[PDB]
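Chemist: Dropping a structure here in C-alpha cells format, bear with me for questions.
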Amino acid sequence: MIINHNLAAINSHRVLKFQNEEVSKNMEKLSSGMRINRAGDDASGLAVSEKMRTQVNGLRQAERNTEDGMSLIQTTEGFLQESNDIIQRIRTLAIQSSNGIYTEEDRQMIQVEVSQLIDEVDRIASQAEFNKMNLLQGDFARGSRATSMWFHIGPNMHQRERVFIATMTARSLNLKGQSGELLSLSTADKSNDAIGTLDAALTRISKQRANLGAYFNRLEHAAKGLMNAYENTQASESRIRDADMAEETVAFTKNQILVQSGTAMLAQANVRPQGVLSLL
C-alpha cells in the first residue's frame with residue numbers, strides 16, 4: 001500500500017469542498033430571500049428583473065403623479081364653483097332691475113352690489129392657486145404663450161397628457177369692458193341686455209367645469225389602470241427573482257447531509273494508511 005500519497009483523502013476532500021460551496025450558495029439564497037443574488041445565477045433573469053423593478057417603481061410614482069393631478073383638477077373646479085354662484089346672483093339682480101317700478105336710485109343701489117360681486121369674481125381669478133401656480137388667469141390656456149400643464153401618468157419617457165384651463169378673469173366672461181368699465185345694471189334697458197351677457201358667462205363657466213370633470217374622470221381610470229399594472233408587474237418580477245423558501249430549505253438540508261457524510265468519509269480515509277505500520 002502506498003503511504004506517500006493518500007488518494008482516497010484527495011478524492012474525499014475535493015468532493016467535500018465543492019459540496020461546501022453548494023451549501024454556501026443555498027445559505028445566501030435563504031438568508032436574502034432572493035433567487036438571484038450575484039451576477040452569474042441568472043444573467044437574463046437579473047436583467048429582466050431589474051427592468052421590471054424600474055417598471056414597478058415607475059408605475060407607483062406615476063400613480064402618485066395621477067393623484068396629484070386629480071388634486072389640482074379638484075382645486076380648480078372648487079374655485080370655479082364660487083364664480084358660478086356669483087354669476088347666478090348677478091343674473092337674478094339683472095332680472096329684478098329690468099322691472100319698471102324702480103327709480104334710478106334703486107338701480108344704483110343694485111349696481112353697488114353688482115360692482116362688489118364683479119370685484120369678487122376678479123379676485124377669485126387673480127388669487128386662485130395650487131402650489132403657488134395661478135390657474136384661472138389663462139397661464140395654461142389653449143393659445144397661452146406663458147406655460148403648459150402636463151401630467152406624467154406613465155412610467156416611461158413620453159407618457160404624459162396635457163391639460164388646458166381657460167381664462168376666467170371677468171374680462172373673458174365679458175363682465176368687464178376693454179377700458180375696465182363694469183357691466184352695468186343702472187338702467188332698465190341695460191339691465192335687460194345684461195341678462196344675455198350673464199347667460200353667456202354661465203355657459204362659459206359650465207363648459208370649463210365640464211372639461212375639468214372629463215379630465216378628473218380620465219385620471220381616475222388611469223389611476224385604476226396603473227394600480228392594476230403595478231400589481232401584475234410586481235407579481236411577474238417576484239416570480240422571476242424571489243426565492244421559494246421551501247424548495248431552498250429542501251436543497252439546503254440535502255447539501256448539509258452530504259457535507260456531514262463527506263466529512264465522515266474524509267476522516268475514515270485519513271486513518272486508512274495506518275494499517276501498513278503493522279508490517280513494520
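In the C-alpha cells, each chain is lettered A, B, ... as it comes, each chain's residues begin at 1, and ligands are numbered from 1 in order of appearance.
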Find the residues around range 234-241 of chain A up to 6 Å (only C-alpha atoms counted), leave out those fewer than 5 positions away in its own chain, and share them as a VMD selection string.
Modeler: chain A and resid 34 to 36 49 52
Chemist: Please, which residues in range 107-153 of chain A fall within 7 Å of range 79-103 of chain A when counting only C-alpha atoms, and what is the closest atom pair and distance in Å to one decimal for each, ordered by chain then residue number, as JSON lines?
Modeler:
{"residue": "A:107", "atom": "CA", "partner": "A:97", "partner_atom": "CA", "distance": 6.3}
{"residue": "A:114", "atom": "CA", "partner": "A:90", "partner_atom": "CA", "distance": 6.5}
{"residue": "A:117", "atom": "CA", "partner": "A:86", "partner_atom": "CA", "distance": 6.5}
{"residue": "A:121", "atom": "CA", "partner": "A:83", "partner_atom": "CA", "distance": 5.9}
{"residue": "A:128", "atom": "CA", "partner": "A:79", "partner_atom": "CA", "distance": 6.8}
Chemist: Pull N, CA and C atoms from the residues just selected and write them as a short mmCIF file (atom, residue, chain, number, x, y, z; two decimals), in the first residue's frame.
Modeler:
data_model
loop_
_atom_site.label_atom_id
_atom_site.label_comp_id
_atom_site.auth_asym_id
_atom_site.auth_seq_id
_atom_site.Cartn_x
_atom_site.Cartn_y
_atom_site.Cartn_z
N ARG A 107 -81.82 101.44 -8.78
CA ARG A 107 -80.92 100.74 -9.69
C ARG A 107 -79.47 100.98 -9.32
N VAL A 114 -73.67 94.83 -7.53
CA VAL A 114 -73.12 94.25 -8.75
C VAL A 114 -71.62 94.53 -8.85
N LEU A 117 -69.76 92.28 -6.45
CA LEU A 117 -69.72 90.89 -6.92
C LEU A 117 -68.76 90.72 -8.09
N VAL A 121 -65.46 88.27 -8.32
CA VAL A 121 -65.11 87.38 -9.44
C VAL A 121 -63.66 87.60 -9.85
N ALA A 128 -56.74 82.50 -7.15
CA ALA A 128 -56.86 81.05 -7.06
C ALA A 128 -55.53 80.40 -7.42
#
Chemist: Please return, as a VMD selection string, all residues of range 2-243 of chain A that DSSP assigns to strand (DSSP E or B) on the basis of the backbone.
Modeler: chain A and resid 34 129 to 130 133 to 134 149 to 151 161 to 163 176 182 242
Chemist: Create the file for the chosen residues now, containing C-alpha atoms and written as a JSON list (two decimals), in the first residue's frame.
Modeler:
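Output contents, as saved in part_39.json:
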[["chain", "number", "residue", "atom", "x", "y", "z"],
["A", 34, "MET", "CA", -33.92, 36.09, -3.35],
["A", 129, "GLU", "CA", -53.71, 78.98, -6.62],
["A", 130, "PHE", "CA", -52.33, 75.44, -6.48],
["A", 133, "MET", "CA", -49.31, 78.33, -9.51],
["A", 134, "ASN", "CA", -52.06, 80.60, -10.80],
["A", 149, "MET", "CA", -49.66, 71.87, -17.99],
["A", 150, "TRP", "CA", -48.73, 68.20, -18.40],
["A", 151, "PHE", "CA", -49.41, 65.22, -16.12],
["A", 161, "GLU", "CA", -51.12, 64.26, -21.20],
["A", 162, "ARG", "CA", -51.80, 67.98, -21.48],
["A", 163, "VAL", "CA", -54.46, 69.87, -19.51],
["A", 176, "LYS", "CA", -65.56, 93.96, -17.65],
["A", 182, "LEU", "CA", -68.10, 97.26, -15.42],
["A", 242, "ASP", "CA", -37.82, 35.81, -5.38]]
Chemist: Looking only at the backbone, which of the residues in range 120-161 of chain A does DSSP tag as alpha helix (DSSP H), as a list in words?
Modeler: residues 120, 121, 122, 123, 124, 125, 126 and 127 of chain A
Chemist: Point out the residue among A:48, A:43, A:30, A:1 with the least atom-to-atom distance to residue 244 in chain A, counting only C-alpha atoms.
Modeler: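 When distances to residue 244 in chain A are compared using only C-alpha atoms, the smallest one comes from A:30.
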Chemist: For residue 108 in chain A, find every residue with an atom within 12 Å (counting only C-alpha atoms), except residues of its own chain fewer than 2 positions away, and show them as a list in words.
Modeler: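 The residues that qualify are residues 93, 97, 102, 103, 104, 105, 106, 110, 111, 112, 113, 114, 115, 184, 185, 186, 187, 188 and 191 of chain A.
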Chemist: Please provide as number ranges by chain all residues within 12 Å of residue 220 in chain A, with the sequence filter that same-chain residues fewer than 2 positions apart are discarded (counting only C-alpha atoms).
Modeler: A: 63-71, 73-74, 153, 213-218, 222-227
Chemist: In Å, with one decimal, what is the gap from CA of residue 229 in chain A to CA of residue 56 in chain A?
Modeler: 8.6 Å
Chemist: Rounded to one decimal, what separation in Å do you get between CA of residue 127 in chain A and CA of residue 169 in chain A?
Modeler: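 Here the two named atoms are 10.4 Å from each other.
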Chemist: Considering only C-alpha atoms, return as an MDAnalysis selection string whatever protein or nucleic-acid residues lie within 8 Å of range 259-264 of chain A, sequence-local ones (same chain, fewer than 2 positions apart) excluded.
Modeler: chainID A and resid 12:13 15:16 19:20 255:257 266:268
Chemist: Taking only C-alpha atoms into account, name the residue in A:26, A:232, A:208, A:278 that is nearest to residue 253 in chain A.
Modeler: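 Counting only C-alpha atoms, the residue closest to residue 253 in chain A is A:26.
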Chemist: Give me the residues near residue 46 in chain A as a PyMOL selection string, where near means some atom within 9 Å (using only C-alpha atoms) and where sequence neighbours in that chain fewer than 4 positions away do not count.
Modeler: chain A and resi 36-39+41-42+50-51+240-241
Chemist: If you count only C-alpha atoms, which residues fall within 10 Å of residue 201 in chain A, apart from same-chain ones fewer than 4 positions away, as a PyMOL selection string?
Modeler: chain A and resi 83-84+87-88+168+170+172-175+195-197+205-207
Chemist: Output N, CA, C and O atoms for every residue in that selection, as a short mmCIF file (atom, residue, chain, number, x, y, z; two decimals), in the first residue's frame.
Modeler:
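Below is the file again_14.cif, written as the result:
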data_model
loop_
_atom_site.label_atom_id
_atom_site.label_comp_id
_atom_site.auth_asym_id
_atom_site.auth_seq_id
_atom_site.Cartn_x
_atom_site.Cartn_y
_atom_site.Cartn_z
N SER A 83 -67.48 81.29 -8.47
CA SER A 83 -67.76 82.17 -9.59
C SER A 83 -69.14 81.89 -10.18
O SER A 83 -69.89 82.82 -10.50
N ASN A 84 -69.48 80.61 -10.33
CA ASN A 84 -70.81 80.28 -10.85
C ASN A 84 -71.91 80.82 -9.94
O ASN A 84 -72.90 81.38 -10.42
N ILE A 87 -72.26 84.61 -10.39
CA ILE A 87 -72.90 84.99 -11.65
C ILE A 87 -74.40 84.69 -11.62
O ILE A 87 -75.20 85.47 -12.17
N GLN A 88 -74.81 83.59 -10.99
CA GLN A 88 -76.24 83.33 -10.82
C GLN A 88 -76.92 84.44 -10.02
O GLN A 88 -78.03 84.89 -10.36
N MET A 168 -60.61 82.95 -16.81
CA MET A 168 -61.88 83.24 -16.14
C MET A 168 -61.80 84.55 -15.36
O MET A 168 -62.21 84.61 -14.20
N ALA A 170 -63.14 87.74 -15.58
CA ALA A 170 -64.16 88.78 -15.62
C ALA A 170 -64.05 89.67 -16.86
O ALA A 170 -64.96 90.46 -17.14
N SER A 172 -62.69 87.78 -19.79
CA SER A 172 -63.09 86.68 -20.66
C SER A 172 -64.57 86.38 -20.55
O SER A 172 -65.17 85.91 -21.52
N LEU A 173 -65.18 86.66 -19.40
CA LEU A 173 -66.61 86.48 -19.18
C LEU A 173 -67.43 87.67 -19.63
O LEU A 173 -68.65 87.67 -19.45
N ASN A 174 -66.78 88.71 -20.17
CA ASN A 174 -67.45 89.91 -20.66
C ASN A 174 -68.21 90.65 -19.57
O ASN A 174 -69.20 91.34 -19.85
N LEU A 175 -67.77 90.52 -18.32
CA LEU A 175 -68.30 91.35 -17.25
C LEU A 175 -67.54 92.66 -17.09
O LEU A 175 -68.06 93.59 -16.46
N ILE A 195 -78.81 90.41 -19.01
CA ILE A 195 -79.28 89.04 -18.82
C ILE A 195 -78.60 88.09 -19.81
O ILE A 195 -78.15 87.01 -19.42
N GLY A 196 -78.51 88.49 -21.08
CA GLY A 196 -77.86 87.64 -22.07
C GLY A 196 -76.37 87.49 -21.84
O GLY A 196 -75.81 86.41 -22.03
N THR A 197 -75.70 88.58 -21.44
CA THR A 197 -74.28 88.51 -21.13
C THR A 197 -74.02 87.56 -19.96
O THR A 197 -73.07 86.77 -19.98
N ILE A 205 -68.62 79.22 -18.03
CA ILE A 205 -68.25 78.58 -16.77
C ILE A 205 -68.62 77.10 -16.79
O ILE A 205 -67.83 76.24 -16.38
N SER A 206 -69.82 76.77 -17.27
CA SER A 206 -70.26 75.38 -17.32
C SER A 206 -69.38 74.55 -18.24
O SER A 206 -69.06 73.39 -17.92
N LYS A 207 -68.99 75.10 -19.39
CA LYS A 207 -68.10 74.38 -20.29
C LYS A 207 -66.76 74.10 -19.63
O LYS A 207 -66.22 72.98 -19.74
#
